[PDB]
Amino acid sequence: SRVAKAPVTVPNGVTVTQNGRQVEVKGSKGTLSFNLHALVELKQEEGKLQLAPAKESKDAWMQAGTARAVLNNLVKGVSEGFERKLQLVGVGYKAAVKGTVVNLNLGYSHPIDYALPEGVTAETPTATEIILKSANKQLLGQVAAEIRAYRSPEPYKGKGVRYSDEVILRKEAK
RNA sequence: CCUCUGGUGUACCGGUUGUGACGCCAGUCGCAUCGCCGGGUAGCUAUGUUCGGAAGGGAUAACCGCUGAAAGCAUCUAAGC
């Protein structure tokens, strides 16, 4: 695996520790832990880190590549972090933030109150846009997916919640 | 279930025909589908009354995913959620 062979960089301020199979990553953002597969081994020399299989199995190489990708995501998140961003298209579609809760008006007969999970924060510069930030890329993606699933986009006028860089399939009636 | 509305209610009350008897009048009783007819207490009962299939947890089906390599991309999947 070219991915597994590629090294990951600990930039300056994040510390990677290990105990058993539980590799922990520490930074200004916070703690992030990742259980590690039995067939993969991790070597932390100098700033860099190297993932390599404990044997010569294709399964071991696959697990090593997956572990390397996940740990690169973790170290990138604890230092810079990820933001997703979400748009709202349609008349009267609006969003607002009250602390840990997002208020959404999406054309239903009732408003929707989404409780954000611990670790992800949201901003609404304008009522049409939402910006979500977190150090956990998977958690950020899951939250964005749920908010989109509240009203996924429709193909005739593109109305509904969408990702910022999302291609929308548009057809025409009749 | 029987408070209400009703049915039934041949051991509750009354009207009335024929006949026989209680010595006779009066008053009663036997028999005639409970003789026939009109009501009707409890009980039982429906067509009457009240109530029920409300709400919530867990694992899932098709299906939709998050992150993610094998396969530098992509990918709901092989780890994991």
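Just so it is clear, the values below take in all heavy atoms, side chains as well, and ignore hydrogens, waters and symmetry mates. Letters go in sequence order (proteins before strands), and every chain restarts at 1.
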Output the rounded distance in Å from [atom1] ([X]) to [atom2] ([N]).
X      : N      : atom1 : atom2 : result
A:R148 : B:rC76 : CZ    : P     : 12 Å
A:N72  : B:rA79 : CG    : P     : 23 Å
A:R21  : B:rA79 : CZ    : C1'   : 12 Å

Just checking, are the bases of [N] and [M] stacked by our 5.5 Å, 30° definition for the six-membered rings?
N      : M      : value
B:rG40 : B:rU41 : no
B:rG58 : B:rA59 : yes
B:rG7  : B:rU8  : yes
B:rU33 : B:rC34 : no

Counting only Watson-Crick or G-U wobble geometry with both distances under 3.5 Å, does [M] pair with [N]?
N      : M      : value
B:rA32 : B:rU17 : yes
B:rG27 : B:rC22 : yes
B:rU33 : B:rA21 : no
B:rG30 : B:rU19 : yes
B:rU16 : B:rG35 : yes
B:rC81 : B:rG65 : yes
B:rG18 : B:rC31 : yes
B:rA46 : B:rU5  : yes

[atom1] atoms of [N] and [M], separation to the nearest Å:
N      : M      : atom1 : value
B:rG18 : B:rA26 : P     : 15 Å
B:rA78 : B:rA69 : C1'   : 8 Å
B:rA74 : B:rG68 : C1'   : 12 Å
B:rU28 : B:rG40 : P     : 25 Å
B:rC2  : B:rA46 : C1'   : 11 Å

Connected hydrophobic set around [X], excluding itself, where side chains approach under 4.5 Å:
X      : result
A:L51  : A:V8, A:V10, A:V14, A:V16, A:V23, A:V25, A:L32, A:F34, A:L36, A:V40, A:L42, A:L49, A:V70, A:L71, A:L74, A:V75, A:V78
A:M62  : none
A:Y156 : none

So, north or south for the sugar of [N], given that a negative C1'-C2'-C3'-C4' angle means south?
N      : answer
B:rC37 : north
B:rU33 : south
B:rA70 : north
B:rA21 : north
B:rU77 : south

Chi-based syn or anti call at [N], which uses purine or pyrimidine torsion atoms and a 90° bound:
N      : answer
B:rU67 : anti
B:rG14 : anti
B:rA59 : anti

Going by side-chain contact (heavy atoms from CB on, under 4.5 Å), name the residues that satisfy it together with [X], two or more places apart in sequence or in a different chain.
X     : value
A:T15 : A:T17, A:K26
A:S28 : none
A:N19 : A:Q22

Protein-to-nucleotide contact annotation, 5' to 3' order, nucleotides 59-74 of chain B [B base; S sugar-phosphate only; - none; under 4.0 Å, heavy atom]
------BBSSBS-B--
When rounded to the nearest 0.5 Å, the distance separating NE2 of A:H37 from CZ of A:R21 is 9.0 Å
Between CD of A:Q63 and NZ of A:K58, what distance do you get to the nearest 0.5 Å?
14.0 Å
Heavy atoms of A:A60 and A:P53 approach each other most closely as CB-CB, 3.5 Å
Which heavy atom of A:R162 sits nearest to which heavy atom of A:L86, and what is that distance?
O-CD2, 3.2 Å
Sub-4.0 Å heavy-atom contacts from residues 25-47 of chain A onto RNA chain B, ordered by number
A:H37
If you look only at pairs with a residue in residues 42-101 of chain A, which of them pass as a ring-ring contact (aromatic ring centres under 6.0 Å, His included), with sequence neighbours excluded?
none
A:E45 atom CD, over 12 foreign heavy atoms within 6.0 Å
yes
